[PDB]
J.: 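Here's a structure for you.
What's counted below: heavy atoms across the whole structure, side chains too, no hydrogens, waters or symmetry copies. All chains are named by letter (A, B, ...) in the order of the sequence lines, taking the proteins before the strands, and each is independently numbered beginning at 1.
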Amino acid sequence: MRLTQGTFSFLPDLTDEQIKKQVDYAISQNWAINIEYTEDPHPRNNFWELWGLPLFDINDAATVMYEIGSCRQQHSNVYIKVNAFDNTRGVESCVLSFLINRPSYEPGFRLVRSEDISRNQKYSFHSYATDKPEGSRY
Amino acid sequence: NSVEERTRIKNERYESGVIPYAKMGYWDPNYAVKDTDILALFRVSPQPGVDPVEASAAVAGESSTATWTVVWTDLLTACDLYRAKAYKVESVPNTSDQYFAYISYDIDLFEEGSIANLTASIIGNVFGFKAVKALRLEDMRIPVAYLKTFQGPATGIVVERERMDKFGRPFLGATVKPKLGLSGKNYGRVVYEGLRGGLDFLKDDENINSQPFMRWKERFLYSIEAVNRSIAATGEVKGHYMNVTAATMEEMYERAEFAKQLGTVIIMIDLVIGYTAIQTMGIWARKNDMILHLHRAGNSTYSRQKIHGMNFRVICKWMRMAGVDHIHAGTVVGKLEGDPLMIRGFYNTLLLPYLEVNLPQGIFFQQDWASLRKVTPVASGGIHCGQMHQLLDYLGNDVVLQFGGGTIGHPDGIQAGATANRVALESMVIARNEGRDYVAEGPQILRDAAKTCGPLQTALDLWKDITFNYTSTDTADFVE
Amino acid sequence: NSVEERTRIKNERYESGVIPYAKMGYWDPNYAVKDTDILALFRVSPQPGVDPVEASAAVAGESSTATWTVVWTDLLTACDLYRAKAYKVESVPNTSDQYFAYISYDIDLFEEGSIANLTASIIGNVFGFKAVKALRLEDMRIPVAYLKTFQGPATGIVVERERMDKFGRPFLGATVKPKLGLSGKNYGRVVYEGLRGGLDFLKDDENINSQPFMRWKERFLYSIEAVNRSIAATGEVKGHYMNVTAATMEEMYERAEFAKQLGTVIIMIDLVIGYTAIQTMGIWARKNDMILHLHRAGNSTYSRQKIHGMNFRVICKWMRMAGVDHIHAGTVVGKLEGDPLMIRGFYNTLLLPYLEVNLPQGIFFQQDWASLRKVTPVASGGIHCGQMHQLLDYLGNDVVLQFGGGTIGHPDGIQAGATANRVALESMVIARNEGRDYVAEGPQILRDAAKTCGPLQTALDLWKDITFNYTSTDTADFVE
Amino acid sequence: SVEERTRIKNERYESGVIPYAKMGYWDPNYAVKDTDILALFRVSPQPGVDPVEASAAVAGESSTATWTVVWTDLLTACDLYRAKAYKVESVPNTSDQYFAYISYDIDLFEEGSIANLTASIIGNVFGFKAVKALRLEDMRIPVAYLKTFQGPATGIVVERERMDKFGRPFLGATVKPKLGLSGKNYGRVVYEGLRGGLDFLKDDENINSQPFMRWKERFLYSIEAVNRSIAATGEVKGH
Amino acid sequence: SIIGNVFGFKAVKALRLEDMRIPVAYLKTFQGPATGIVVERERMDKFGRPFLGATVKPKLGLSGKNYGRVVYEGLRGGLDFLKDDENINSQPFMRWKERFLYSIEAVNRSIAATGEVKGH
Amino acid sequence: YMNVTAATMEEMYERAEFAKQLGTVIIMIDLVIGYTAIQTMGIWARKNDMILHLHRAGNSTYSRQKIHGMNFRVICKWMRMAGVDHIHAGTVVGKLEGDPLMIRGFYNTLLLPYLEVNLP
Ligand SMILES: O=C(O)[C@@](O)(COP(=O)(O)O)[C@H](O)[C@H](O)COP(=O)(O)O
Ligand SMILES: O=C(O)[C@@](O)(COP(=O)(O)O)[C@H](O)[C@H](O)COP(=O)(O)O
Ligand SMILES: [Mg+2]
Ligand SMILES: [Mg+2]
Ligand SMILES: [Mg+2]
Ligand SMILES: [Mg+2]
């Protein structure tokens with residue numbers, strides 16, 4: 001399956017040129033940019049791993065593209081995403097998040113159901129990738 | 001002859017009898033507005049022979065402390081303070097006998113945190129006064145000190161995006177159709193197909209509560225199954241607006257608690273439940289980590305006609321204060337009324353932390369929102385993916401675009417309809433972000449994406465020339 | 001090319017695309033109305049170029065099962081049954097492009113006992129449709145089978161008169177003034193003086209809830225002291241409408257329970273709390289042997305203009321169903337809008353067990369009330385005892401005549417004002433009962449009573465020439 | 001390493017200690033807003049500590065600062081949330097003692113919470129080594145923040161109405177001895193005091209429930225005494 | 001009794017309470033610590049060393065989500081605990097429930113990452 | 001079908017709630033509990049997403065004799081109104097009374113949305 005988290009995941013995997021244009025957009029809005037990665041694709045895995053610190057007050061897209069390449073050398077077998085953050089009062093949140101790397105094969109999720117009171121059930125999303133330990137998932 | 005006759009008030013102002021409202025203290029063109037005052041702007045149409053200042057002073061009086069004849073009991077109170085003041089009366093541009101009346105009300109007139117009390121004064125009786133043949137409330141300045149007595153949105157758009165893990169684009173949704181008649185299991189089918197095909201949300205129709213053709217509990221149960229199926233299928237957080245609208249507060253609570261127990265991220269309510277049930281739900285939603293969608297059912301009964309009623313921007317203010325997380329706010333290009341500049345005013349009222357006066361958008365008061373959370377506007381009704389460029393331009397990035405007929409009417413099925421909308425959205429967002437003139441190029445941007453998306457090709461072929469071009473009823477009085 | 005393309009519906013009605021609402025099943029001039037159907041009459045003003053039947057069919061469709069494009073999911077339901085039908089479309093007399101549209105809705109479309117659900121369908125979205133530039137809901141036929149799912153008035157006028165031990169005359173009342181600013185102890189003073197002087201009731205103003213100048217508990221406490229003082233002074237049952245209107249249901253309940261604990265015969269609520277809180281209070285009032293007065297705050301925002309909104313007679317029906325015991329319904333001769341024939345329709349809708357069609361009164365449907373209890377109409381706002389003959393004639397015997405300014409504005413004090421009103425009322429009632437032409441003789445009947453009632457003499461001298469003569473906005477389309 | 005390469009080189013958000021007065025907490029040109037909470041502190045700096053740095057330390061450590069620079073500031077609207085010491089003055093007739101005026105944005109505080117207000121204003125700053133003494137003298141609580149609090153349950157106006165006593169002070173008395181009296185003896189003292197002319201008497205602050213007298217009998221005897229005194233005088237009385 | 005009024009007496013220009021002897025018979029009327037250090041170490045399975053912790057910074061202004069991030073990074077990096085700042089309760093910039101929800105996610109992420117009991 | 005039939009309403013509720021807690025799709029009640037307990041259970045079953053089976057215990061005391069009592073079709077109407085989801089209605093060929101045409105009437109009364117007069 002295709003993991004459709006991220007702003008552009010119904011479009012094909014973005015080229016480096018497409019990614020650079022999104023980085024240029026973020027820079028033009030004075031947003032901070034960071035890079036994160038994970039091998040737990042759970043929809044509520046809120047804290048993907050940090051690739052260094054966020055880049056604040058960025059003038060040059062090439063600095064971001066360099067770190068994207070550097071992160072890919074270590075983690076191109078798993079998920080990598082680019083986030084943009086706006087610290088304007090009343091936002092103070094992520095304002096853009098898109099996937100830049102995916103595993104070659106994502107097996108996706110088992111929907112787990114348990115019987116509960118009357119007709120109610122409890123549900124869990126089990127990642128098939130997480131059947132194996134970190135480092136052996138993808 | 002008696003002690004009552006002997007102690008009668010001889011003072012001209014407080015002797016018995018009728019005197020004009022404009023001579024009772026309710027007209028003061030030199031009044032210095034305080035930053036704690038509640039201000040209201042009324043569009044006033046006096047009857048023939050009624051003076052514009054007197055009509056304005058009557059509205060001020062009968063929405064604050066006055067009645068029709070003088071009362072001595074005024075003197076038991078700090079009446080100079082409690083009287084509302086019409087302080088500016090202006091001719092409306094391009095009209096013969098229509099006026100803008102600006103009225104100031106002291107903060108102490110109002111119950112803290114109560115939309116019912118605010119509205120009891122501002123709209124309680126004055127719209128039925130014989131002496132004005134029409135009256136419309138256009139805007140209000142809610143001071144920071146009064147705003148701080150209200151919760152504001154339970155969730156707000158910032159926390160909503162965090163719960164959904166969805167940033168940098170509009171949300172997508174769809175109302176399930178037909179409006180009435182579907183069973184619980186069929187409802188769940190539609191929800192599963194729509195979410196699994198690409199929509200972030202679906203929703204109950206406003207009139208889907210609990211009925212002979214479908215009782216509410218099975219709908220909620222099948223709906224959460226559909227939601228969780230779609231989450232497992234996609235890896236996205238998804239939601240369905242379970243409608244908890246009901247006859248009594250106890251029934252609404254029973255439905256909201258059940259939805260909570262099932263683990264829905266989101267519920268909905270209808271404006272027809274009324275302000276007190278809405279405030280009660282706003283508080284419940286904050287307490288229970290729930291996104292609270294407000295459908296504006298019945299709003300157009302008073303909001304449509306320019307000369308009389310309440311402009312929707314005022315309702316936006318009251319519902320933001322009350323604690324809803326979404327409100328329907330127009331599409332411009334769909335089947336329901338929506339002048340683009342009026343809509344811009346509505347969306348800004350819901351989303352901005354601060355508004356400057358902007359007469360072309362119908363924003364008459366500077367409005368500080370006191371850091372109350374932001375309401376997500378909802379664009380819904382008669383829209384389709386062929387308009388995506390227009391929707392992104394008129395309505396912006398912070399909105400739920402809801403495509404009911406525009407998803408479920410797709411000839412290749414509900415999943416195809418959802419996929420068309422999702423691809424159309426992302427294609428338009430990426431083009432906007434790249435700096436492209438996406439309004440001029442929009443039709444071509446959609447055609448290009450359609451080259452590798454059959455569902456979108458089909459949707460464009462079916463609906464691309466569907467338009468809803470009619471003259472607006474609700475329009476500005478000023479232009480840029 | 002795929003299985004989705006292969007299984008597309010070829011049927012002309014259910015193939016994808018937009019077709020007129022009048023060809024989707026929502027226009028049927030041969031439809032046979034069932035006695036279980038909910039009927040609605042709309043005044044429809046189409047945009048230029050829109051066909052009157054198509055506009056009417058759009059209203060029917062978008063208030064029942066339709067959306068803007070065809071959906072296959074119709075076929076999962078008994079859609080022929082669930083579609084509403086515009087069944088009669090007529091020109092409104094003396095208009096160029098305005099129509100009466102009669103629309104039928106199956107009983108199964110609606111949640112039992114829910115005003116929120118009924119209104120979600122009938123008024124939810126259709127007033128904002130681009131294609132109609134104006135729309136007004138004029139009347140509804142609520143079938144007996146649906147009425148039986150509602151409580152009706154908690155108390156009703158029959159039980160109310162029994163609790164008060166007051167028969168054969170209107171009740172009297174008065175709103176305390178000034179509207180805002182009085183303390184709890186001063187409120188109690190006014191209530192004591194008014195009741196002790198002859199009034200049956202006094203009331204909180206609609207905007208008197210709980211505020212910096214007076215918190216609610218002291219008002220209720222002083223008010224019940226005033227009431228019980230007045231009962232001991234007169235030997236009559238007396239009451240004060242303690243306003244329990246509040247921001248949340250929990251606060252309203254806290255206030256209603258406290259009023260109950262003090263032993264009030266009566267409380268009040270404002271229409272701005274909204275339908276669900278009102279229904280909740282209607283049930284509470286039945287459970288707790290309480291008269292429930294509804295003030296109609298905000299009603300004139302949608303009820304004033306003939307071309308758009310909701311006629312008040314429909315609100316009368318919904319609030320009678322919801323369980324209120326009083327509702328404000330007009331004076332004719334006072335400061336608020338009130339055509340005499342429209343008012344006659346309102347009062348009859350509230351009080352009669354059965355209504356026949358009466359076009360001059362705006363009663364478009366035969367209405368069986370299914371033995372639901374009767375709502376006491378309330379005549380209030382800008383009236384005085386010099387009009388007593390006109391009030392008894394226009395408004396009849398079953399009403400609360402409320403004189404706020406007309407009591408408290410009396411130069412010799414609040415007791416004198418109350419006494420004037422009470423003597424004026426009884427003098428007029430006895431004259432009517434004796435067979436006298438009390439409308440022609442009314443001014444002389446009042447003068448005769450004034451010969452032995454100083455307070456009445458003074459009130460007549462002060463106010464006898466005060467009139468509120470203005471052209472009505474809300475008027476009939478037919479005459480006798 | 002990625003961590004090395006992404007280190008912040010910007011002087012202000014580079015790692016390390018900088019004075020609070022250079023972190024944004026000292027601003028003598030700050031425009032005070034009508035929504036700001038203001039505090040006045042009497043600041044006695046340690047020998048060698050400059051009065052402005054001490055006042056900025058108080059401002060910083062009662063708002064958003066810590067002792068070293070943190071990059072996580074940049075995730076927030078930090079310029080708004082930092083409190084500003086906006087005026088420092090020497091105190092008349094003292095050496096080494098200063099008045100520091102400090103402004104705090106209304107968004108720093110939990111609506112209606114004295115615990116939260118005090119947690120910021122007085123939480124930690126009185127124990128800072130760099131000040132040998134510190135006193136909170138006054139605060140400006142803005143109307144917008146005041147409206148989130150109830151204020152007095154009754155208030156003197158309603159109190160006088162309940163007691164039916166206008167135009168003079170109230171009278172009262174604490175029952176004595178402070179401790180040791182029984183419930184019944186408490187009631188005796190209450191009755192005699194109210195009946196002789198006092199509007200009120202009161203339990204002593206340390207009279208709660210103890211081996212010499214449990215609380216319920218005290219309340220029961222006290223209300224008997226009160227109602228005896230009301231019947232004896234025709235006045236509303238209380239204990 | 002001990003501190004109610006005596007610190008304001010005109011006749012003493014200053015007064016400081018230095019110590020108290022609380023007798024065993026009075027102490028037995030109090031619960032004492034809910035948990036205590038011994039049971040605490042047993043719950044945490046951490047013996048023979050000090051605990052480590054950290055207050056999240058900046059003191060005020062962070063969102064619930066960003067709070068969780070700091071908590072996750074600190075615990076996963078080696079700390080036994082982190083904590084809300086004393087003045088972090090519920091405020092316009094972050095309401096309390098999202099903070100607790102993100103914090104327990106962060107804690108449980110860190111437990112799974114390390115095999116240690118952790119807390120916030 | 002877990003039978004929650006009991007002496008008092010409180011005991012019946014205890015048994016129905018426990019059945020609900022265990023996750024049964026279905027419970028039963030006996031007609032001998034009587035109309036008010038049955039209506040109470042019918043409402044409970046709607047509130048708690050439970051199939052409610054009615055055993056017609058005691059029905060034949062008044063339904064058997066043609067000249068006196070109540071025909072079972074009337075009981076079908078009242079129990080359908082009351083909120084039960086199943087009711088025993090006959091086999092024709094089994095060990096209990098059941099004329100085929102009477103049984104058709106019973107079944108139609110329970111199942112149809114509308115019945116026309118059908119004297120046989
Ligand atoms: O009932 C309907 O018509 C809708 O479900 C839309 O269906 P479609 O998506 O099929 O048109 C919405 O409730 C309206 O958009 C409300 O109008 P507004 O947003 O103006 O309040
Ligand atoms: O606020 C007022 O104006 C009143 O208290 C009347 O005061 P007076 O008796 O002093 O006029 C009533 O609420 C109005 O009559 C309501 O209008 P309606 O009955 O039309 O809803
Ligand atoms: Mg809808
Ligand atoms: Mg009033
Ligand atoms: Mg003491
Ligand atoms: Mg701390």
J.: Given C:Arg83, which of C:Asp106, C:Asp74, C:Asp28 fulfils the salt bridge (charged side-chain N to carboxylate O under 4.0 Å, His left out) condition?
T.: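 So the option named by the test is C:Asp74.
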J.: Ignoring hydrogens, what is the shortest heavy-atom contact between B:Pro178 and C:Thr73? Give both atom names and the distance.
T.: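 The pair with the smallest heavy-atom distance is CD-OG1, 3.3 Å.
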J.: Quiz question: by atom type and distance under 3.5 Å, do the side chains of B:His328 and B:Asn299 form a donor-acceptor pair?
T.: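 No pair is found: no donor N or O on one side chain lies under 3.5 Å from an acceptor on the other.
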J.: Apply side chain to side chain contact (heavy atoms under 4.5 Å, CB included) to the pair C:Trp68 and B:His384, showing each step before the final yes or no.
T.: CA-CA 11 Å; C:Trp68 66 276; B:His384 53 88; 4.0 Å; yes
J.: Hey, what do you get for CH2 (C:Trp72) to CD1 (C:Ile9), rounding to the nearest 0.5 Å?
T.: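 The CH2 atom of C:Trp72 sits 8.0 Å away from the CD1 atom of C:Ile9.
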J.: Nearest 0.5 Å, please: how far is OG1 in C:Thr473 from CD1 in C:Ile307?
T.: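 Result: 11.5 Å between the selected atoms.
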J.: Going by atom types alone, do C:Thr67 and B:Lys335 pair a side-chain donor with an acceptor below 3.5 Å?
T.: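 Yes, B:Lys335 and C:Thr67 have a side-chain donor paired with an acceptor closer than 3.5 Å.
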J.: Looking only at side-chain N and O atoms, does C:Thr475 offer a donor or acceptor that is under 3.5 Å from a partner on C:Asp339?
T.: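 No, no side-chain donor-acceptor contact under 3.5 Å.
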J.: Could you check whether B:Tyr241 and B:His326 have their ring centres less than 6.0 Å apart?
T.: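 B:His326 vs B:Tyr241: aromatic centres under 6.0 Å.
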J.: Using salt bridge (charged side-chain N to carboxylate O under 4.0 Å, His left out), reason through B:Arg219 and B:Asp204 one step at a time and then give a plain yes or no.
T.: CA-CA 9 Å; B:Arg219 185 175 67 260; B:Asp204 290 354; 2.8 Å; yes
J.: Which distance, rounded to the nearest 0.5 Å, do you find between the OG of B:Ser183 and the CD of B:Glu218?
T.: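 Separation between the atoms: 8.0 Å.
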J.: Would you say B:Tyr192 and B:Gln415 are linked by a side-chain donor-acceptor pair, where the criterion is simply a distance under 3.5 Å?
T.: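 No - no donor-acceptor pair under 3.5 Å links their side chains.
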J.: Can a side-chain donor-acceptor contact be found between B:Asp461 and B:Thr458 if the only test is distance below 3.5 angstrom?
T.: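 Result is no, nothing qualifies.
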J.: Any donor-acceptor pair under 3.5 Å linking the side-chain atoms of C:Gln367 with those of C:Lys317?
T.: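 There is such a pair between these side chains.
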J.: Other residues, nucleotides and ligands only: do more than 12 of their heavy atoms fall within 6.0 Å of CZ on C:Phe100?
T.: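 Atom CZ in C:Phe100 is packed in, count exceeds 12.
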J.: Taking atom types as modelled, find out whether B:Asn243 and B:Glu206 have a side-chain donor-acceptor pair closer than 3.5 angstrom.
T.: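 On atom types as modelled, these side chains do not qualify, holding no pair under 3.5 Å.
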J.: So do C:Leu75 and C:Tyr14 actually touch side chain to side chain, heavy atoms under 4.5 Å?
T.: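 When only atoms from C-beta onward are counted, C:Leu75 and C:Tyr14 do touch, with a gap below 4.5 Å.
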J.: Assign the ring pair C:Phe42 / C:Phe127 to parallel, tilted or perpendicular, where the plane angle (0 to 90°) is split at 30° and 60°.
T.: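 Geometry flag for C:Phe127 against C:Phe42: tilted rings.
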J.: If we ignore hydrogens and angles and just use 3.5 Å, is the side chain of B:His410 paired with the main-chain N or O of B:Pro455 as donor and acceptor?
T.: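 Yes; at least one donor-acceptor contact below 3.5 Å.
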J.: Check the pair B:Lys177, B:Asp205 against salt bridge (charged side-chain N to carboxylate O under 4.0 Å, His left out), reporting the backbone distance first and the verdict last.
T.: CA-CA 8 Å; B:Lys177 301 294 176 196; B:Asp205 228 322; 2.8 Å; yes
J.: Does either side chain, that of C:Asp97 or that of C:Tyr99, offer a donor lying less than 3.5 Å from an acceptor on the other one?
T.: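 Yes - a donor-acceptor pair under 3.5 Å links their side chains.
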J.: Decide, yes or no, whether a salt bridge links C:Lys88 with C:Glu90 under the criterion of side-chain N to carboxylate O below 4.0 Å.
T.: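 Yes, charged N to carboxylate O under 4.0 Å.
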J.: With a 6.0 Å cut-off (strictly less than), is the heavy-atom count around CZ of B:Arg189, excluding the residue itself, greater than 12?
T.: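 Counting neighbours around CZ of B:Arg189, 12 or fewer heavy atoms of other residues, nucleotides or ligands fall under 6.0 Å, so no.
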J.: Of all residues at least two apart in sequence or in a different chain, which pass the side chain to side chain donor-acceptor pair (under 3.5 Å) check with C:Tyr354?
T.: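 Partners of C:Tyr354 by the side chain to side chain donor-acceptor pair (under 3.5 Å) criterion, ordered by chain and then number, come out as C:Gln366.
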J.: Looking only at heavy atoms, what is the nearest atom pair of C:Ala120 and B:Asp270, with distance?
T.: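 Looking at all heavy atoms of both residues, the shortest contact is CB-OD2, 3.5 Å.
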J.: Testing the basics here: between B:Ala459 and B:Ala420, what is the closest heavy-atom pair and its distance to 0.1 Å?
T.: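 Closest approach of B:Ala459 to B:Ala420, heavy atoms only: CB-CB, 4.0 Å.
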J.: With side chains defined as the heavy atoms from C-beta onward, is the minimum distance between C:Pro360 and C:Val479 less than 4.5 Å?
T.: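 C:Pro360 vs C:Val479: side chains apart.
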J.: What are the two closest heavy atoms between B:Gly338 and B:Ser472, and how far apart are they?
T.: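 Scanning both residues, the minimum pair turns out to be C-OG, 4.4 Å.
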J.: Taking the six-membered ring where the residue is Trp, are the ring centres of C:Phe365 and C:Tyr102 under 6.0 Å apart?
T.: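 Yes, they do, as the ring centres are separated by less than 6.0 Å.
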J.: Start with the C-alpha distance between B:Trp463 and C:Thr69, add both sets of side-chain angles, then the distance that settles side chain to side chain donor-acceptor pair (under 3.5 Å), and finish with yes or no.
T.: CA-CA 9 Å; B:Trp463 291 309; C:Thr69 191; 3.2 Å; yes
J.: Among C:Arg43, C:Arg304, C:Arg136, which one satisfies salt bridge (charged side-chain N to carboxylate O under 4.0 Å, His left out) with C:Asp474?
T.: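 Considering C:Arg43, C:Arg304, C:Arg136, a salt bridge (charged side-chain N to carboxylate O under 4.0 Å, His left out) with C:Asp474 is found only for C:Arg136.
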J.: Is there a donor in the side chain of C:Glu112 and an acceptor in the side chain of C:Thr149, or the other way round, less than 3.5 Å apart?
T.: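 The answer is no; no qualifying pair exists.
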J.: Regarding C:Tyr275 and C:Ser114, is there a side-chain donor-to-acceptor distance under 3.5 Å anywhere?
T.: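 Per modelled atom types, C:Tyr275 and C:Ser114 side chains form no pair under 3.5 Å.
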J.: State the CZ-CH2 distance between C:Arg320 and C:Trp369, to the nearest 0.5 angstrom.
T.: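 Rounded to the nearest 0.5 Å, the CZ-CH2 separation comes out at 5.0 Å.
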J.: Identify the heavy atoms of C:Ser64 and C:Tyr82 that sit nearest to each other, and give their distance.
T.: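 Shortest heavy-atom separation between C:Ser64 and C:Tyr82 comes out as CB-O, 4.0 Å.
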J.: Taking the side chain as C-beta and beyond, is there a heavy-atom pair between C:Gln98 and C:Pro52 under 4.5 Å?
T.: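 Not touching, per the 4.5 Å side-chain cut-off.
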J.: Closest heavy-atom contact between B:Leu401 and B:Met388?
T.: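 Distance-wise, the nearest heavy atoms are CD1-SD, 3.8 Å.
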J.: Please verify the inter-ring angle class for C:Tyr87 with C:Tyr31; under 30° counts as parallel, over 60° as perpendicular, anything in between as tilted.
T.: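 Tilted, since the angle between the ring planes falls between 30° and 60°.
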J.: Under 3.5 Å, is there a donor-acceptor pair between the side chain of B:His308 and the main chain of B:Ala134?
T.: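 A pair under 3.5 Å: no.
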J.: State, yes or no, whether a side-chain contact exists between C:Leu355 and C:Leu352 at a heavy-atom distance under 4.5 Å.
T.: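 Yes, close enough: below the 4.5 Å cut-off.
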J.: Any donor-acceptor pair under 3.5 Å linking the side chain of C:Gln279 with the backbone of C:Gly113?
T.: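 Flag set: sc C:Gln279 to bb C:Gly113 pair under 3.5 Å.
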J.: When rounded to the nearest 0.5 angstrom, what is the spacing between CG in B:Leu180 and CG in C:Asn117?
T.: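 If I round to the nearest 0.5 Å, the distance is 7.5 Å.
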J.: If you measure from CD on C:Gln361 to CZ on C:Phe478, what distance do you get to the nearest 0.5 Å?
T.: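 One finds 14.0 Å between CD of C:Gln361 and CZ of C:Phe478.
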J.: Report the C-alpha separation of B:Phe201 and B:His240 in whole Å, then their side-chain angles, then the decisive distance to 0.1 Å, and conclude whether the ring pair (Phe, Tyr, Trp, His ring centres under 6.0 Å) test is met.
T.: CA-CA 5 Å; B:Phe201 298 119; B:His240 179 76; 9.6 Å; no
J.: Are the side chains of B:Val378 and B:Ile327 in contact, using a 4.5 Å heavy-atom criterion?
T.: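 Counting from C-beta outward, B:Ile327 and B:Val378 never come under 4.5 Å.
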J.: Is it the case that the side chains of C:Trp27 and C:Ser56 hold a donor-acceptor pair, with the cut-off being a distance below 3.5 Å and no angle test?
T.: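 No - no donor-acceptor pair under 3.5 Å links their side chains.
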J.: Please assess B:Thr175 against B:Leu202 for the test side chain to side chain contact (heavy atoms under 4.5 Å, CB included), listing each intermediate value before the final yes or no.
T.: CA-CA 6 Å; B:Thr175 308; B:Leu202 278 92; over 6 Å; no
J.: Can you check whether B:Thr467 reaches B:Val333 side chain to side chain, under 4.5 Å on heavy atoms?
T.: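 No. Closest side-chain heavy atoms not under 4.5 Å.
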J.: So, C:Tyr21 versus C:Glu62: side-chain donor-acceptor pair below 3.5 Å or not?
T.: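 Yes, side-chain donor-acceptor contact under 3.5 Å.
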J.: For a salt bridge (charged side-chain N to carboxylate O under 4.0 Å, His left out) check, start with the C-alpha distance between B:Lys306 and B:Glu337, then their side-chain angles and the critical distance, and finish with the verdict.
T.: CA-CA 12 Å; B:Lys306 195 165 171 177; B:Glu337 171 78 29; over 6 Å; no
J.: Does the separation of the ring centres of B:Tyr187 and B:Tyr222 fall below 6.0 angstrom?
T.: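 No, they do not, as the ring centres are separated by 6.0 Å or more.
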J.: Is there side-chain contact between C:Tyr105 and C:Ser63, with heavy atoms separated by less than 4.5 Å?
T.: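 Yes. Closest side-chain heavy atoms under 4.5 Å.
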